[PDB]
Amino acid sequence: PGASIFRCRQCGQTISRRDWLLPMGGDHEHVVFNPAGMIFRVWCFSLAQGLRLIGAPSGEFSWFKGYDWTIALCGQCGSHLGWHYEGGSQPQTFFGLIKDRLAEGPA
């Protein structure tokens, strides 16, 4: 399989797997805008590794009802890869990662 692991596009750090994609609200892809109007194509993952979660969670402008977010950087290079979500149910936690900041390839 050549499409099974997601790595940081900037450095190659191991981040997630196609197996760990999560359909939240019926789709793994969510297109969203931050308060500064920046558009992100976000893929939900049940699980991710190789990140560094920055600060404490915030509910402010959460794209996912009932979840608080933390900034998720690449733990290797510090590139902004997305957010970790916590404090909801089914599931309690998940990752929302910026699709175009990942590279897909072989295990």
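Residue indices: 1-based, along the sequence shown.
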- Task: Using the B-factors recorded in the PDB entry, average over the C-alpha atoms of 23 to 31 and of 40 to 48, then report which stretch comes out higher.
- Result: 23 to 31
- Do the C-alpha atoms of 77 to 85 or of 64 to 72 have the higher average B factor in the entry? 64 to 72
- Task: Please rank the C-alpha B-factors of the chain's modelled residues and tell me whether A3 sits in the lowest, middle or highest third.
- Result: highest
- Query: Should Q92 be placed in the lowest, middle or highest third of its chain by the C-alpha B factor in the entry?
  - Reply: highest
